[PDB]
Structures are given as C-alpha cells and as structure tokens.
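J.: Heads up: the protein sequence lines correspond to chains A and A', in order. A prime marks a further copy of an entry chain. Residues 1 to 405 in the entry's author numbering are what the first sequence lists, from first letter to last. Residues 1 to 405 in the entry's author numbering are what the second sequence lists, from first letter to last. Just so it is clear, CB atoms sit at the ideal spot from N, CA and C, and this is done for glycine as well. Here's a structure for you.
Protein chains: 2
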Amino acid sequence: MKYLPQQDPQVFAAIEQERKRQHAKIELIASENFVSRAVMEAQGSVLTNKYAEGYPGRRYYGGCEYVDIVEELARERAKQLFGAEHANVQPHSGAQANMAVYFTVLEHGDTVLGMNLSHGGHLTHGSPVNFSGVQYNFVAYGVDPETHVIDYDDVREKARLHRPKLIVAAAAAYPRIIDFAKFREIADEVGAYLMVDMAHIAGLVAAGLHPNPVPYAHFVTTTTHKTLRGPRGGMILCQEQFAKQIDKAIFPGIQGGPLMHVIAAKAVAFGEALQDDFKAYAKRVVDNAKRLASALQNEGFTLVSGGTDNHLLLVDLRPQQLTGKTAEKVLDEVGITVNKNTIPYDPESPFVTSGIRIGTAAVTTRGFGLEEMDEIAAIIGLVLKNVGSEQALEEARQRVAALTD
Amino acid sequence: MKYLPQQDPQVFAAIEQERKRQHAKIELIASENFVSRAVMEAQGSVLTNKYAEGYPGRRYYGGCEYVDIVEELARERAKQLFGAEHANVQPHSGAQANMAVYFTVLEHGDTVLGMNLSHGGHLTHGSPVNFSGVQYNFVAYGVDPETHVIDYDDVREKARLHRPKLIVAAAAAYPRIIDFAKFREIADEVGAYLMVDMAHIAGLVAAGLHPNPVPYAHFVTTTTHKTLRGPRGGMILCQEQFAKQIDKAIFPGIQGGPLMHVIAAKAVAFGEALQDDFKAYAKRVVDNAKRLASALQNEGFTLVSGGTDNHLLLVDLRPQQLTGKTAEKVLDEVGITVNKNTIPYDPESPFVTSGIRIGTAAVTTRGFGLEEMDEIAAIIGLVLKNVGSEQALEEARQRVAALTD
Numbered sequence: 001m002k003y004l005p006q007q008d009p010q011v012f013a014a015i016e017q018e019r020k021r022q023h024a025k026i027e028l029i030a031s032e033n034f035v036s037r038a039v040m041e042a043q044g045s046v047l048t049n050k051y052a053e054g055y056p057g058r059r060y061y062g063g064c065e066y067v068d069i070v071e072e073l074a075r076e077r078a079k080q081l082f083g084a085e086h087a088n089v090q091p092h093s094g095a096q097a098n099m100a101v102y103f104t105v106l107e108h109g110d111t112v113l114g115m116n117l118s119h120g121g122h123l124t125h126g127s128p129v130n131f132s133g134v135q136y137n138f139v140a141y142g143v144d145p146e147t148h149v150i151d152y153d154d155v156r157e158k159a160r161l162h163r164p165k166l167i168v169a170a171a172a173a174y175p176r177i178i179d180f181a182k183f184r185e186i187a188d189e190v191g192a193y194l195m196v197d198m199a200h201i202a203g204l205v206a207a208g209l210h211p212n213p214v215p216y217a218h219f220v221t222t223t224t225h226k227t228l229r230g231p232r233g234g235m236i237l238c239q240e241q242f243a244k245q246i247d248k249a250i251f252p253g254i255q256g257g258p259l260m261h262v263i264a265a266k267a268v269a270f271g272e273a274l275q276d277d278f279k280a281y282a283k284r285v286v287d288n289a290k291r292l293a294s295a296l297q298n299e300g301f302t303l304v305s306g307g308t309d310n311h312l313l314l315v316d317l318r319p320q321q322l323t324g325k326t327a328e329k330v331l332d333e334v335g336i337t338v339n340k341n342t343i344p345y346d347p348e349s350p351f352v353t354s355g356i357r358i359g360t361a362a363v364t365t366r367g368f369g370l371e372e373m374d375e376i377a378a379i380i381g382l383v384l385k386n387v388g389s390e391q392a393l394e395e396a397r398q399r400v401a402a403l404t405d
Numbered sequence: 001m002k003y004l005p006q007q008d009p010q011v012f013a014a015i016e017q018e019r020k021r022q023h024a025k026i027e028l029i030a031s032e033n034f035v036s037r038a039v040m041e042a043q044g045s046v047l048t049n050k051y052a053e054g055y056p057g058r059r060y061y062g063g064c065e066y067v068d069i070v071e072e073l074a075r076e077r078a079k080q081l082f083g084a085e086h087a088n089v090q091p092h093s094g095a096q097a098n099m100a101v102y103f104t105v106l107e108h109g110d111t112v113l114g115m116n117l118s119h120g121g122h123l124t125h126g127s128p129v130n131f132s133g134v135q136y137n138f139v140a141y142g143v144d145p146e147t148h149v150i151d152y153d154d155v156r157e158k159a160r161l162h163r164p165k166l167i168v169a170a171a172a173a174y175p176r177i178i179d180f181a182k183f184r185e186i187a188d189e190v191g192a193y194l195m196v197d198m199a200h201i202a203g204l205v206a207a208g209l210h211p212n213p214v215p216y217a218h219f220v221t222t223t224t225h226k227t228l229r230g231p232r233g234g235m236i237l238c239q240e241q242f243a244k245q246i247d248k249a250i251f252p253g254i255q256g257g258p259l260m261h262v263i264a265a266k267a268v269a270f271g272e273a274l275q276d277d278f279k280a281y282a283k284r285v286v287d288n289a290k291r292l293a294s295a296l297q298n299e300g301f302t303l304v305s306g307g308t309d310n311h312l313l314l315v316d317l318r319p320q321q322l323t324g325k326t327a328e329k330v331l332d333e334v335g336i337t338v339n340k341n342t343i344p345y346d347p348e349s350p351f352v353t354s355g356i357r358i359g360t361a362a363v364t365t366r367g368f369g370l371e372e373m374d375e376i377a378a379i380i381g382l383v384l385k386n387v388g389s390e391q392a393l394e395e396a397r398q399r400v401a402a403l404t405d
C-alpha cells in the first residue's frame, strides 16, 4: 500500500496486524480462504464510484458501458463454471442471495423445508432470529442419529406432511455429499421448488468433485468467498425461465446499486476457477480433508458421519468430555483457528456445543499437503488431550509456528 | 495495479476503460462521487478473507482482534461525525440499512408514511416493486405543487389519517433542506417512530451545512458513498436505547458476514470527513450547486423549487418541450452524465419524465468551482436548445473536453 499508511495510520496499523495474523495462524475456519492479489486489486478499483442499478444493457444510469462488460464477464464465466442458463452476480452476500430467491417464489408465511440448523443447516435456512424464520414458516429435516447422513425418508415425510412451497438443500456444516437428485424427486412429489445453497461446496462443484446441483435445482445460491476462493459476496444461478423474476428480485426487489468493484473481483475469481490449476487445488482440498479426518481418527477423535466427502469435518468431542467452546478457546491459545459447532443431536446449546468444525480450503491455498495434515492432527491431539498442561500448549505453539514458518 | 493486468487481461482492460471514462466525462449523477486512493486501498486489503459475524468483542469467530479495531474505529468516528449514541457500520448498502430499520420496528403489513416517490422519495421508501412496498403498507406525503417544498400539513394529515407505525423523512431527489423538527413533532403527535434516510445529504450534515437529523430521529440511515465520499455501503445511527435491537436486526436478522474490508474503507472515509478540508469541500459542493442553479436559470431553465439548498438540483424541462429521457440521451452524446428524474406532479411516466437530476459532489471533488459551474450551465443550454444541430453538439463535446482536460 502507498496512500493508506499516510492518510490513516490507525486503519493501516490494524490492517497490517490482520495481514500478519493471517500468515501466522493455522486457519481452519471451514468457510474461509485466501483470495489472490488480482482479486484484491479488482476490489480496490475505481469501480466503487459507479452507480449501476439495473443490468448490463438495461441500466438506469448512463455511462455503464464498461461496468457492463465486467458484469457480463462475471455472468458468462459463472455459466461456464456451473453450466447454468442464467447467473445473477449482484447479490451483496449469501444472505442476500438467499433472501432474493425467497422473495421470488414465496409469500409471507409460506412453508419452507430446510436442513435442521443443529444438524448442518444455515442461519438463513430458517432460524427464528433470522429473516428466514421470521418471514416464512420453516420446518426441518434431520440426519440419521448414527450415520449423520441426511435422512432422505425424513426429507420426504416432512415434505409430504407440511407441503412446503420450497425445499432448501445444502449446509453450513455437512461433511458428506448431498444427493440433489433425491431432493428434486421429493420436491417433484409434493410440487415444491428446489433451492440448493451450495455456498460451502461451490469450488468443489466447479472442479467436478461434488455433484452439480444446477441440473436438479430450480435455484442455486452460493457465496463467492468459500471454496470458490473469490471476493466476499453472493450469486444466484437458475434456468432461463426464472431469469427475469430472479433479476427483478435482486433489483428493484431487495438491493439498490450493485458493488461493481466486487463484481469485477467475482469475474477474476471465476477466471481463476476456470483454470486447470484450480481443479488441482480443489482436489488437494478434498484429499487434505480426508487425510486430516483419517489422521484425527488416528489420534483417537470421533468424527461426525465417520469422515468427510468434502472440504470440511466435524469432531464430536463427547468421548474426550470436552465442549466445542472449550476446544475452540484452547486451540486459539496455540494459534489454531476453528469454530465450535453443534453436532447432530447435541446435548449442548449452540453457544456451547459438543463439536468443532474444521475445513482445509485456506491451508490448502497456502500450500499445505498431506504431511501438514498429519501434523495439524497431531497438534490438535496434543492440545485437546492436555488442556491443563502449559508445557503441552507451548509445544503446540512451537509446532504451529514451524508449520506457518 | 500489478497482478490484475497479468491474471485477467479482460477484466483489467474494462477497469481501465472505466477509469479513463471517469476522468473524461462531466459526472453530474447526484449520488456519485470519487473516493480517495486510501479508501480504495482499504477495500483492496486482505480483510476480505475474514469471517466476522457478530460485533467487536462479541463475535462468533476467533481471530477478530484486529478487524474489531477497524470496526470500532468506523463506529467511533461515525459517532464523532454525527453526534450519534450508536453506530452500526455493517449494512452492505442503503437498501440493507433501510431494510434493517424496518425489520427492527415493523411487522409485516404495518403502515409506513414516506415521501412520494415521484416527488423525491426513494425506491426503498415504499415502491410496490421493492421489498418496502411489498412487505409494508406504504402511504405517501407530497410537496406543494408550486413551491415543490414538502407540505408539512400534508405530512401531518397523512400521519393522522393513516396512523403509520413509522414515518420516513429524506429523499433521493429533493433540492431543499428538510425540517426534521417538524417531522418529529408530527411523529410524536401520532405515536410513530421517525426514521431519517440521510443518504444523499450525509456529507453536508457532517460538515454542518444541513441540519442534523440525529437529535430528532429514532433512526438515521445513510449510504457511505454519496456526499459522504466513502466506499459503497450503508450505515445506521441511533440512540443507545435502540442499539441492541438495531445490531440484532443487521445480524442475525438480515445479513451474515460483514464486509470487513469495506468497513475499513468506511473508517478511512469517516477519518477524511473529520478533517477541516472536508468541511471546506462540502461548502464548495453547496456553493457550486447554487451557482450552477443560478447559471442554469440564467440560461432560461426552470428549476424544481426554484433553486437548491444542497448538492442537487432538478431541471423542469417542460418549458423547453423536452422529456428527461431526451435530455439525458443528448447530454450523454456530448460527455455530460445526468439522470432523467420525475418532477413533482410530472405528466410523464418515471421511465420518460419531464426532468433531469444534477449534483455537484463529484465535479467538486475533482476541483471544479464557480467558473466551471457557469461553463457547465452554458454547455447544457447550448445542447438542450440545439438538440438537432450536430455542429452545436460537437462544440459542446469540445467544451466538455476543455473542462476535463
């Protein structure tokens, strides 16, 4: 940076602390990643200055010729990545992407069927303190109490009992492949739309490592910042038949001016995702998650669902008589960043929990591989088996430092 | 830029076109401005990588120590700028800022009283194709048919008849000072909350050039990108008594992860606004708008309300037998960017209109002053009085080029 250090010493000092933090810690938050310098440059561009309500070639402001090129690059690259008929790259966030789909097809108080929030569902899939659960009547399907895999007979029974207008598939914390074909079959049986929120797995879908929901869903939502490794924001994919309605839901429905600089950054990220090296990266994410899962099991940890098919895993800490809160805190002390996370049928509140959620997207981006996964698992074992030993924690600290350099 | 040109030639070429465009044109879109290089650098930072749901010291992710410093800088500087008891700097946009306030105090179908959209009100103040008009029962107050000033007796009568739960004051296209004291008096009479949407005038308020709504309103919303000259985004100000409720409305209510890099950019912009030179800038914006208004009148144009008290003006093109659409198109041909805009009691649709909206915030930022205002007015006169003369339009083109260099 050149201008920020002089203009704002306070903001610059904090940014620099954060930059150094991102390098020093082992970042295992499943929803996080590290964007490229090109992506950041796009976000840091003069495109922030441009009002561009509307869509390419159909704006409500003059002078949009060039931001139009940018938005269309984003849309076309998204379509190439996911084989979707239509893309809307304007959503400010995952929240807004989901909000727009709900706004498109639902009226206030309509019934929606989503994944149980304490089994892996997201806040925006029906929490009673979120717009989703306040505006619409959410009911939930669960995972099997033993396998922790989605119970598709429960999906079906809930759908048939409650007659939802919309079924939501996808998750904030589900370590296995989701069967989109079965979701569409059930949706078809009850005459419900299917929305798939692929936010977590979007990069894996792009790389052909998770089945693509696009052929099965009426609407696919996603964030651009998780496994897709793009800027912070949202996106909606759908078939041409819903294009007009979806676009109108975003504007003038729920948003105003789009963030054109962020949309530029989305285009850049989609460009990166179209490259061969991204597919290799995504495979390493999945390989690393499996290896980390296996290595954690070797250390004596129980994993929700017994492993992983994707970028993320959940440790069930009950055998160690630890809460997720306790584990999260102590791992923070040694420089490993995880989330506490409810496990299916958790006896604890969502504020305490019996689990931790871990993902490999970020560490993979920094070049970590199988050997590093083994070491991460060994450090976690050292820490969680010796929470009362300051000597053990200092050893862990030193081993974390050795990994990050 | 260093990395974007190599990584993405297509995105870079379009960004560069846009950058050159912003320099070449006379940008009179009233809601636009040019942010500093420091603001852009903040947006282009690694803060995009950080999940930080929650608030400073009360997050749902570890490792937020530094993004917390950034968010608190934004909040504290906002409070200093506006004398508010509480700030929420997380809203992704003006849309989301307004959405959150509505979510806080209203239930589905509650009555809200806002400014007539064709008299200056914003889309989010009750359009039937916007969430505001779909989710809530909006009624409207108008301006006087002759003076084009808000009719406060109409505000009062509508309030007393319809018994709104909430009254919204502020505008996308109102060229005069708004009397917030009278709005609060009326709100008090009918037991309604008062929300002021100061998006357009926020920079003028910060500089003491428009009365501050903070002392009078329960909630103040704003965008950060108009006269405040900051990054694209929103903000909510309120008294401490509503702080918890407002914060909960933003998260977990209507948003997820905040855009921490944009929040950094907000802090930077607020830092800039706290400087003496910003107050001088804001006075020039207002001085320039008055001078441009006067100069347009000298050219024979009629202005809505007969002039301006702020950064923006509206030309009533009926005396020239022109529509706003026609004027917008022809001005585009010579390199002047304006919006078509409805005038109060417009005989034309919002898609055609009888007016153009002009603002001086952007040209003032680039260093334009009174002499430039005279020339802009003269060029507009030349163009709009000779729409059929290609020679006149080429002269205008050359004069526009002379202004921008």
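Hey, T227 of chain A and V268 of chain A: beta-carbon distance below 8 Å or not?
T.: Here the question's residue 227 of chain A lines up with position 227 in the first sequence. Here the question's residue 268 of chain A lines up with position 268 in the first sequence. Not a contact, by the Cβ cut-off of 8 Å.
J.: Taking a contact to mean a Cβ-Cβ separation below 8 Å, would you say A327 of chain A touches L237 of chain A in this structure?
T.: Numbered from 1 along the first sequence, position 327 holds the residue referred to as residue 327 of chain A. Numbered from 1 along the first sequence, position 237 holds the residue referred to as residue 237 of chain A. Cβ distance not < 8 Å, so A327 of chain A and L237 of chain A don't count as in contact.
J.: Can you give the Cα-Cα distance for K279 of chain A and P211 of chain A', rounded to whole angstroms?
T.: As a position in the first sequence, residue 279 of chain A is number 279, starting the count at 1. As a position in the second sequence, residue 211 of chain A' is number 211, starting the count at 1. If I take the Cα positions, the gap works out to 56 Å.
J.: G126 of chain A' to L312 of chain A', Cα distance in whole Å?
T.: To locate residue 126 of chain A', count along the second sequence from 1; it is residue 126. To locate residue 312 of chain A', count along the second sequence from 1; it is residue 312. Distance between the alpha carbons of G126 of chain A' and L312 of chain A': 22 Å.
J.: What are the boundary residues of the beta strand (DSSP E) that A280 of chain A' is part of?
T.: Counting from 1 along the second sequence, the entry for residue 280 of chain A' is found at position 280. Counting along the chain, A280 of chain A' falls outside any beta strand (DSSP E), though it belongs to the alpha helix (DSSP H) covering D276 to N298.
J.: So, for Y281 of chain A: in the same chain, excluding its five sequence neighbours on each side, which residues have a beta-carbon less than 6 Å away from its beta-carbon?
T.: Counting from one through the first sequence, the residue named residue 281 of chain A turns up at place 281. Setting aside the 5 residues that flank it on each side, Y281 of chain A has no residue in the same chain whose C-beta is closer than 6 Å to its C-beta.
J.: Return no unless some Cβ of chain A is closer than 8 Å to the Cβ of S354 of chain A'.
T.: As a first step, residue 354 of chain A' is located in the second sequence; it is residue number 354 there, counting from the start. Chain A, which has no Cβ nearer than 8 Å to the Cβ of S354 of chain A', makes this no.
J.: When you compare only the Cα positions, how much space is there between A202 of chain A and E394 of chain A'?
T.: Along the first sequence, read from residue 1 onward, the residue named residue 202 of chain A stands at position 202. Along the second sequence, read from residue 1 onward, the residue named residue 394 of chain A' stands at position 394. When rounded, the distance between both Cα atoms is 51 Å.
J.: Go through its chain and collect everything with a Cβ distance to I379 of chain A''s Cβ below 6 Å, but skip five positions before and after it.
T.: Indexing the second sequence from 1 puts residue 379 of chain A' at position 379. The answer, listed in chain order, is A396 and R399.
J.: Quick check on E27 of chain A': buried or exposed, where buried means 16 or more other Cβ atoms within 10 Å of its Cβ?
T.: Indexing the second sequence from 1 puts residue 27 of chain A' at position 27. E27 of chain A' comes out buried.
J.: Among the residues of its own chain, which have a CB less than 6 Å from the CB of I186 of chain A', if the five just before and after it don't count?
T.: Numbered from 1 along the second sequence, position 186 holds the residue referred to as residue 186 of chain A'. Correct list, in chain order: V155, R156 and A159.
J.: Establish whether the CB of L73 of chain A and some CB of chain A' are separated by less than 8 Å.
T.: What you label residue 73 of chain A is simply residue 73 of the first sequence in a count that begins at 1. Interface residue, yes.
J.: Name the residue from A:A295, A:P347 and A:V70 whose alpha carbon lies nearest to the alpha carbon of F12 of chain A'.
T.: Within the second sequence, residue 12 of chain A' is the residue found at index 12, counting from 1. Nearest option by C-alpha distance: A:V70.
J.: Would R229 of chain A count as contacting chain A' if we go by Cβ distances under 8 Å?
T.: The residue you call residue 229 of chain A lines up with position 229 of the first sequence. False, the Cβ-Cβ gap to chain A' never drops below 8 Å.
J.: Return yes when the Cβ of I336 of chain A' is within less than 8 Å of the Cβ of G355 of chain A', no when it is not.
T.: Taking the first residue of the second sequence as 1, we reach residue 355 of chain A' at position 355. Taking the first residue of the second sequence as 1, we reach residue 336 of chain A' at position 336. No.
J.: Listing by chain order, which chain A' residues have their CB less than 7 Å from the CB of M1 of chain A?
T.: Mapped onto the first sequence, residue 1 of chain A falls at position 1. Here the neighbours are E41.
J.: I need the straight-line Cα distance from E65 of chain A' to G57 of chain A', nearest angstrom please.
T.: As a position in the second sequence, residue 65 of chain A' is number 65, starting the count at 1. As a position in the second sequence, residue 57 of chain A' is number 57, starting the count at 1. If I take the Cα positions, the gap works out to 8 Å.
J.: What are the start and end residues of the beta strand (DSSP E) that includes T223 of chain A'?
T.: Here residue 223 of chain A' is taken as the residue at index 223 of the second sequence, counted from 1. Looking at the DSSP string, the run of the beta strand (DSSP E) that includes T223 of chain A' is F219 to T223.
J.: Under 9 Å between beta-carbons, which chain A residues line up against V46 of chain A'? List them in chain order, please.
T.: As a working mapping, residue 46 of chain A' is identified with position 46 in the second sequence. Result: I15, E18, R19, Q22, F34, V35 and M40.
J.: Can you give the Cα-Cα distance for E107 of chain A' and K248 of chain A', rounded to whole angstroms?
T.: Your numbering for residue 107 of chain A' matches position 107 in the second sequence. Your numbering for residue 248 of chain A' matches position 248 in the second sequence. Rounded to whole angstroms, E107 of chain A' to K248 of chain A' spans 15 Å at the Cα level.
J.: Of all the residues that make up the segment 248 to 259 of chain A, which are near chain A' by a beta-carbon distance shorter than 8 Å?
T.: Within the segment 248 to 259 of chain A, the qualifying residues are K248, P252, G253, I254, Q255, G256, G257 and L259.
J.: For the beta strand (DSSP E) containing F138 of chain A, list its first residue and its last residue.
T.: Here the question's residue 138 of chain A lines up with position 138 in the first sequence. Unbroken beta strand (DSSP E) run through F138 of chain A: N137 to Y141.
J.: Give a yes or no on contact between the segment 345 to 352 of chain A' and the segment 369 to 377 of chain A', applying the rule of three or more CB pairs nearer than 8 Å.
T.: Touching, no.
J.: Please say whether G83 of chain A and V196 of chain A have beta carbons closer to each other than 8 Å?
T.: Indexing the first sequence from 1 puts residue 196 of chain A at position 196. Indexing the first sequence from 1 puts residue 83 of chain A at position 83. For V196 of chain A and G83 of chain A, no; Cβs fall outside 8 Å.
J.: Closest Cβ-Cβ distance between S31 of chain A' and chain A: below 8 Å?
T.: On the second sequence, position 31 is the one that residue 31 of chain A' refers to. Nearest CB-CB separation between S31 of chain A' and chain A: below the 8 Å threshold.
J.: Which residue wins for smallest C-alpha separation from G367 of chain A, given the options A:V129, A:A52, A:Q7 and A:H23?
T.: Counted from its first residue, the first sequence places residue 367 of chain A at position 367. Closest option to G367 of chain A, Cα to Cα, is A:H23.
J.: Is the Cβ of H108 of chain A' closer than 8 Å to any Cβ of chain B?
T.: The chain inventory of the structure shown lacks chain B, comprising the protein chains A and A'.
J.: So with CB distances below 7 Å, who are the chain A' contacts of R232 of chain A?
T.: Indexing the first sequence from 1 puts residue 232 of chain A at position 232. Ordered by position in chain A', the residues that pass the 7 Å Cβ test against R232 of chain A are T48, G257 and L259.
J.: Which chain A' residues are close to residue 407 of chain A, counting only those with a beta carbon under 8 Å from its beta carbon?
T.: Here chain A comprises residues numbered 1 to 405, so residue 407 of chain A is not present and cannot be evaluated.
J.: Please identify, using Cβ separations under 7 Å, the residues of the segment 367 to 400 of chain A' that lie next to chain A, in order along the chain.
T.: Answer set for the segment 367 to 400 of chain A': empty.
J.: Please list, in chain order, all residues of the same chain as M260 of chain A' whose beta carbon is under 6 Å from its beta carbon, the five residues on each side excluded.
T.: As a first step, residue 260 of chain A' must be located in the second sequence, where it is residue number 260. Spatial neighbours of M260 of chain A' in its own chain (CB-CB distance under 6 Å, excluding positions within 5 residues in sequence) are listed in chain order as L47, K50, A52 and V67.
J.: Using three-state DSSP, classify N341 of chain A' as helix, strand or coil.
T.: Indexing the second sequence from 1 puts residue 341 of chain A' at position 341. Reduced to three states, the DSSP call for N341 of chain A' is strand.
J.: Tell me the start and end of each unbroken alpha helix (DSSP H) in the segment 148 to 184 of chain A' that is at least 4 residues and wholly inside, in chain order.
T.: 152 to 162
J.: Give me, in chain order, the residues of the same chain whose beta-carbon lies closer than 8 Å to that of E240 of chain A'; leave out the 5 immediate sequence neighbours on both sides.
T.: Against the second sequence, residue 240 of chain A' aligns to sequence position 240. Hits under 8 Å: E85 and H86.
J.: What does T337 of chain A touch in chain A' if you count any residue whose Cβ is under 9 Å from its own?
T.: For this step, residue 337 of chain A is matched to residue 337 along the first sequence. Within chain A', the residues near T337 of chain A are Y61, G62 and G63.
J.: Taking the straight line between their C-alpha atoms, what separation do you get for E189 of chain A and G63 of chain A?
T.: Translated into the one-based positions of the first sequence, residue 189 of chain A becomes position 189. Translated into the one-based positions of the first sequence, residue 63 of chain A becomes position 63. Rounded to whole angstroms, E189 of chain A to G63 of chain A spans 48 Å at the Cα level.
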